[PDB]
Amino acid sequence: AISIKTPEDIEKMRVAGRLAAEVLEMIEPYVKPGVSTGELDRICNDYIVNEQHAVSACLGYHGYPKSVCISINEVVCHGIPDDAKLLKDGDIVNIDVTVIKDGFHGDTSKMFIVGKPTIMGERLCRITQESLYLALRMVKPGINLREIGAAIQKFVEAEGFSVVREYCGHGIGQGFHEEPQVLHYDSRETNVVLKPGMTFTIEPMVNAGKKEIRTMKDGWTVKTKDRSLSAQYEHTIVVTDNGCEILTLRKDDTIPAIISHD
């Protein structure tokens, strides 16, 4: 079931969360035209292991072969880094990192725009981030997860985009993917009331085109069925007495770390 974190658990999650955010801050300058995703993966891994003295939660997970997930353009999620995949001007790329420190996980991701942005790419990234922020603002004890998924969907669809149904946010802590499943759309199947001490991620995947997706032969890579662009952002949070605290906040986030209701 849903694990409630103790204060000591939470302290450890703050550290892991900050470490993960830091990998994202760190990598920025390397994201340029001509770099391969395989190289980005190596830089991230070295940092995690050698500087942070932490470990990547992805390496070996269900056999995943790399340290982070890098998803370019039409890839929705779980893109596998490769020395042969080079970034080009206009690409939009998601880098999703999950670090383990002292047994606790920190999971977060953001989009990067390579070189000169395209109109669609910039728009898509912006809207996706805003959808995540909207959701964060709603988190508080007593509310049903359903309301959050419904809000994300309505926002996104109003902007002419679609939300991916298949992949979702999830509880996180000592475990990588714990209960509950955090859907990014309205579903009558969702019935979970939030309570303080719950820790989970919100990580909406939004497509420029239609919602349909397709899993590749590698068994990890997911792409949009219509080849439209897809974007995603993710944060790990903790439900507090009157709101929430964002554990993976970065310098570039424009939302406050602690959100309070009253």
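Between two forms, the rigid core is the largest collection of C-alphas that superpose within 1.5 Å. From 1 onward, residues are counted along the sequence shown.
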| query | finding |
| --- | --- |
| Positional deviation of Cα atoms in 6 other deposited structures of this protein after core superposition, greater for 212-220 or 36-44 | 212-220 |
| Stretch with the higher entry mean CA B-factor, where the candidates are 21-29 and 6-14 | 6-14 |
| Mean Cα B-factor comparison, 80-88 or 152-160, giving the higher one as deposited | 80-88 |
| Residue selected from 130, 166, 107, 74 by maximal Cα B factor | 166 |
| Residue selected from 135, 120, 95, 99 by maximal Cα B factor | 120 |
| Third of chain Cα B-factors occupied by residue 37 | highest |
| Residue 67 - which third its CA temperature factor falls in, relative to the rest of the chain | lowest |
| Assigned third (lowest, middle, highest) for the C-alpha B factor of residue 252 | lowest |
| Residue 115 - which third its CA temperature factor falls in, relative to the rest of the chain | highest |
| Relative C-alpha B-factor of residue 57, binned into the chain's lowest, middle or highest third | highest |
